[PDB]
Student: 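Below is a structure I'd like to ask you about.
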Amino acid sequence: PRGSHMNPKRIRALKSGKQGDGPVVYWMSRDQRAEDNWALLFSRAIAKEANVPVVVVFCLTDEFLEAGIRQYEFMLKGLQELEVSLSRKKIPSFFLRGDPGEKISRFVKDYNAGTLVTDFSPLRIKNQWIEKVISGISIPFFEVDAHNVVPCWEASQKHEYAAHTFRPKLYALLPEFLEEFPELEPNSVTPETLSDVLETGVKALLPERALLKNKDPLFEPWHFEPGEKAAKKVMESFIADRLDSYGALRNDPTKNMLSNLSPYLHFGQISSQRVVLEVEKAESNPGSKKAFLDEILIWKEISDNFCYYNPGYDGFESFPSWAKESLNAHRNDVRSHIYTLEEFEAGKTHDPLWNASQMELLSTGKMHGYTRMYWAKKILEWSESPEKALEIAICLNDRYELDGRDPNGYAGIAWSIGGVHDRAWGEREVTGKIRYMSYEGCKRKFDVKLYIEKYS
DNA sequence: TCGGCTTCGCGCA
DNA sequence: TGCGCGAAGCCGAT
Ligand SMILES: Cc1cc2nc3c(=O)[nH]c(=O)nc-3n(C[C@H](O)[C@H](O)[C@H](O)COP(=O)(O)OP(=O)(O)OC[C@H]3O[C@@H](n4cnc5c(N)ncnc54)[C@H](O)[C@@H]3O)c2cc1C
């Protein structure tokens, strides 16, 4: 459908029909940004061909009640900035509240929409809304992958066992799908308050806030400023200051050597394709570039592949057969310690290192990448059953991580607990053949005491 | 029917 | 710290 700098493989049709004479509506869910957004560019290209304006619709659901204020304020503040950025391009944004299956369908009929476009997400709840919208609309419905450099349905048609099988498939498609973004052209034709939604949401989540002994909040909101503009600043500082020594110090939690882009990446406030574009052009350590590109291209987009082809990505069934047989055999093994969800959540275990990892999660909303493996693996070792460990790790990850409720989180937890995208290791009690990590192993790789002292 | 697996632990410079 | 090996199951190039 038209376009020169426009790869049609990024867009697929969800529902055919006659294109109405109304504006093209971009249903924005995952990629909350105005720049480097294929879904917004496709909505603008379609609207240009039909001489109609383009509008953006965001639907606020009740899913914010399952998370904390840290995620709600981070997303809402970025949406207010996004509202001004879209208005400067004469693109109006409508914020609806309620069920997307009921509000999007009612919006299309009331606004006399002609074409519906949405971004892609492999999560289960996103597909449920899409099937409901299809049953309530009669206009064409398109889906755009604006989150991955290579479209998730294009990179692989099946669940990928390991990276070394998915790695050649991704890099072989990079010369085609890695490209600069065209500028978002403003509109020619022009035709709820977010401040009120922010206040109403905060008062709803206030009783569930994570508090200290003196009733002081644990979350520190000054570490990550939300927004499309602030995401660009973080990307620039990583390339200039941190990309060089990323390869050597990425597994040292005592050193702030990560990109810190996951909160913006999860909410779509910055495009991973843009970051890869800037990283590829940077003249930095070749080993560091390969290590970072492997994370933001292979492991990030294999997480989408995992969730897209495994609808039970958050369940014990999604684990590989060897891992399920191993974990089932050790269900009766006596655990050295048993902790409940409340004790895990408050950092009340015998391991100071694990407690320090949980403290970083509660206070900053972003636990270090290396400690997230030790954090999740120890949960498996000190829980009743593999089902309980999976439930507890997912519950804490989605509640307190700014990047939680993400395909990376479910793939990351499945890797740590079920060995997904991993292999078998030495046989052990309780954990079976799943990859093992120990406190002593952390002591030889980084200064464990410094990490503990930083977070009590 | 082999070769190599993200990110492992461990012994040894 | 940095390096080589161990312990393990399996995909995929043939
Ligand atoms: C148990 C566990 C839970 C995790 N929880 C989440 C989560 O809720 N949300 C989330 O986005 N990621 C999660 N991660 C994946 C990864 O640890 C994070 O992307 C990373 O810690 C975020 O910090 P960073 O962007 O500064 O890291 P960087 O080293 O700068 O990573 C760069 C980018 O690459 C991607 N990436 C890096 N590591 C991984 C990985 N192991 N798997 C997939 N993609 C990766 C992310 O998009 C990340 O922003 C989790 C991993 C594990 C093992």
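Side chains are part of it too, since the values below use all heavy atoms of this structure and drop only hydrogens, waters and symmetry mates. Chain letters run A, B, ... following the sequence lines, proteins first, then strands; residues in each count from 1.
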Student: Roughly, in whole Å, what's the span from CZ in A:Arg372 to P in B:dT7?
Tutor: 19 Å

Student: How long is the line joining OH of A:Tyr374 and P of B:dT6, in whole Å?
Tutor: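 One finds 25 Å between P of B:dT6 and OH of A:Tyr374, rounded.
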
Student: Rounding to an integer number of angstrom, what distance separates C:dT14 and B:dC5 when you compare their P atoms?
Tutor: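 So the two P atoms sit 16 Å from each other.
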
Student: Give A:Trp425 one of three labels, base, sugar-phosphate or nothing, depending on what nucleic acid heavy atoms sit under 4.0 Å from its own.
Tutor: base

Student: I want to verify a distance call: between C:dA8, B:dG9, B:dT6, whose nearest atom is closest to the A:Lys433 side chain?
Tutor: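 Comparing C:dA8, B:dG9, B:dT6 against the side chain of A:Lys433, the answer is C:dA8.
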
Student: Check whether any side-chain N or O of A:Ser438 sits under 4.0 Å from OP1 or OP2 of B:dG9, and answer yes or no.
Tutor: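 Indeed, a polar side-chain atom of A:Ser438 lies that close.
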
Student: Sugar at C:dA7: north or south, per the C1'-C2'-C3'-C4' sign?
Tutor: south

Student: Are any of the side-chain nitrogens in A:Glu66 or A:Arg405 under 4.0 Å away from the carboxylate oxygens of its partner?
Tutor: no

Student: Looking only at whether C1'-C2'-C3'-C4' is positive or negative, is the sugar of B:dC8 north or south?
Tutor: north

Student: For B:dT7, take OP1 and OP2 only and decide whether either is under 4.0 Å from a side-chain N or O of A:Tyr246.
Tutor: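 So the side-chain polar atoms of A:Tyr246 never come under 4.0 Å of the phosphate oxygens OP1 or OP2 of B:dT7.
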
Student: Between B:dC12 and C:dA7, how far apart are the P atoms? Round to whole Å, please.
Tutor: 16 Å

Student: Without decimals, in angstroms, what is the distance between A:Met373 CE and B:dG9 P?
Tutor: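 Those two atoms, CE and P, are 9 Å apart.
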
Student: Could you tell me whether the phosphate oxygens of B:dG9, OP1 or OP2, come under 4.0 Å of any side-chain nitrogen or oxygen in A:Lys445?
Tutor: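 Checking B:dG9 against A:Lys445, a side-chain N or O does come within under 4.0 Å of OP1 or OP2.
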
Student: Can you tell me how far P of B:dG11 sits from CD of A:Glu440, to the nearest Å?
Tutor: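 Taking CD of A:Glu440 and P of B:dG11, I get 11 Å after rounding.
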
Student: Report the nucleotide, chosen from B:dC8, B:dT6, C:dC11, that has the shortest atom-to-atom distance to any side-chain atom of A:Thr165.
Tutor: C:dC11

Student: Starting from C1' on B:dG9, measure out to NZ on A:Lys378 and report it in whole angstrom.
Tutor: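 Atom-to-atom, A:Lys378 to B:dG9, this comes out as 11 Å.
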
Student: Look at atom NZ of A:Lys324 and say whether more than 12 heavy atoms of other residues, nucleotides or ligands are closer to it than 6.0 Å.
Tutor: yes

Student: Does a side-chain N or O from A:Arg435 land closer than 4.0 Å to OP1 or OP2 of B:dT7, or not?
Tutor: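 Result: yes.
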
Student: From the list C:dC10, C:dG12, B:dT6, which nucleotide is the closest neighbour of the side chain of A:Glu160?
Tutor: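 In terms of side-chain proximity for A:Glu160, the closest of C:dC10, C:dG12, B:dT6 is C:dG12.
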
Student: Kindly state whether the pair A:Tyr436 / B:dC8 counts as stacked, where counting means centroids closer than 5.5 Å and planes tilted less than 30° apart.
Tutor: no

Student: Looking at A:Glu283, I'd like to know if its CD atom is crowded, meaning that more than 12 non-hydrogen atoms belonging to other residues, nucleotides or ligands lie closer than 6.0 Å.
Tutor: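 No, not enclosed.
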
Student: Taking only residues at least two apart or on different chains, which pairs with a member in residues 303-313 of chain A satisfy salt bridge (charged side-chain N to carboxylate O under 4.0 Å, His left out)?
Tutor: A:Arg30-A:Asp304

Student: I want to confirm an ordering. Mapping A:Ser321 and A:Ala248 to their closest nucleotides on DNA chain C, which one lands closer to the 5' end?
Tutor: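 Result: A:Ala248.
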
Student: Rounding to an integer number of angstrom, what distance separates C:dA8 and B:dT1 when you compare their P atoms?
Tutor: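 Approximately 24 Å lies between the P atom of C:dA8 and that of B:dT1.
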
Student: Would you kindly give the NZ-to-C1' distance between A:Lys300 and B:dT7, to the nearest whole Å?
Tutor: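 Checked: the NZ to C1' distance equals 19 Å.
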
Student: Take a 6.0 Å sphere around CD of A:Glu427 and say whether it holds more than 12 heavy atoms from other residues, nucleotides or ligands.
Tutor: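 Yes, the 6.0 Å shell around CD holds more than 12 heavy atoms from other groups.
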
Student: Considering only atom P, compute the distance from B:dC2 to B:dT6 and round it to an integer number of Å.
Tutor: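 Result for the P pair: 22 Å, nearest Å.
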
Student: To the nearest Å, give me how far apart CZ (A:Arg423) and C1' (B:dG9) are.
Tutor: 12 Å

Student: Measure from CZ on A:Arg167 to P on B:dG4 and round the result to the nearest Å.
Tutor: 14 Å

Student: Do other residues, nucleotides or ligands put more than 12 heavy atoms under 6.0 Å from the CD atom of A:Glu176?
Tutor: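 Yes, CD of A:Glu176 has more than 12 neighbouring heavy atoms, counting only those of other groups under 6.0 Å.
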
Student: Applying side chain to side chain contact (heavy atoms under 4.5 Å, CB included) between A:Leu170 and each of A:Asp294, A:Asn148, A:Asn305, A:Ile298, report the one that passes.
Tutor: A:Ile298

Student: Using heavy atoms to find the nearest nucleotide of DNA chain C for A:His164 and A:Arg428 separately, return the residue whose nucleotide is more 5′.
Tutor: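 Looking at DNA chain C, the more 5' nearest nucleotide goes with A:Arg428.
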
Student: Between A:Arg399 and A:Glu345, is there a salt bridge with N-O shorter than 4.0 Å?
Tutor: no

Student: Could you name each residue pair satisfying side-chain hydrogen bond (donor to acceptor under 3.5 Å, both in side chains) that touches residues 382-393 of chain A, not counting sequence neighbours?
Tutor: A:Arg331-A:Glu387

Student: Would you write out the dot-bracket form of DNA chain B, 5' to 3', with Watson-Crick and G-U pairs under 3.5 Å, [ ] for crossing pairs, | for pairs to other strands and . for unpaired bases?
Tutor: .||||..||||||

